Structures are given as structure tokens and as C-alpha cells.
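Enquirer: Got a sequence here, can you model it:
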Amino acid sequence: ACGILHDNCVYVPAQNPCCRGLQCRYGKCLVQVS
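Expert: Numbering: from 1, shown residues only. Please find the structure below.
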């Protein structure tokens, strides 16, 4: 259960719980796409 593009999360990259490619923003894990 890696943090997804709309999975509530905090900006702690050091221990990124998200799927590699997504980055936690204070609130939700942002899909680091542009």
C-alpha cells in the first residue's frame, strides 16, 4: 500500500510511503507528474 496520487500523507520523503514516482505533500501524496 504505497501512497498514491490521492492518498493522504505528509511531506516526509525520507521515508516516502508512496509509490516511486509520487511525492507526499502536506495533506496528500502528489503524483509527481507535469
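
Enquirer: The residue nearest to residue 29 when sequence neighbours are not counted pairs with what?
Expert: Sequence neighbours aside, residue 3 is the residue nearest to residue 29 in space, at 3.7 Å (criterion: C-beta to C-beta, 6 or more residues apart in numbering). Bear in mind the C-beta positions are built from the backbone N, C-alpha and C, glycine included. Per DSSP bridges, the residues bridged to residue 3 are residue 18.

Enquirer: separation between residue 3 and residue 27?
Expert: Going from residue 3 to residue 27 by C-beta to C-beta, to the nearest Å gives 12 Å.

Enquirer: residues shared between the contacts of those two?
Expert: Counting by C-beta atoms under 8 Å, 6 or more residues apart in numbering, the contacts common to residue 3 and residue 27 are residue 9.

Enquirer: coming back round to it: so what's the residue nearest to residue 29 up against?
Expert: Applying C-beta under 8 Å, 6+ apart, the residues contacting residue 3 are 9, 16-19, 22, 24, 29.

Enquirer: what does residue 23 give?
Expert: Applying C-beta under 8 Å, 6+ apart, the residues near residue 23 are 11, 13, 16, 29-30, 32.

Enquirer: Just want the phi and psi numbers for residue 26.
Expert: When quoted as degrees, to the nearest 10, the phi and psi of residue 26 stand at phi -60, psi 90.

Enquirer: what's around residue 27, how many residues?
Expert: If you count neighbours by other C-beta atoms under 10 Å, residue 27 ends up with 10.

Enquirer: If we ignore the residues flanking it in sequence, what's nearest it?
Expert: Residue 27 sits nearest to residue 8 (C-beta to C-beta, 6+ apart), 6.6 Å away.

Enquirer: Looks like that neighbour contacts residue 25 (just checking).
Expert: No. Assessed by C-beta atoms under 8 Å, residue 8 is found out of contact with residue 25, at 10.0 Å.

Enquirer: Compare these two and say which is more crowded by neighbours.
Expert: A count of neighbours by other C-beta under 10 Å puts residue 25 above the other of residue 8 and residue 25, at 13 against 10.

Enquirer: on that earlier part again, which residues does the residue nearest to residue 27 contact?
Expert: Residues near residue 8 by C-beta under 8 Å, 6+ apart: 27-29.
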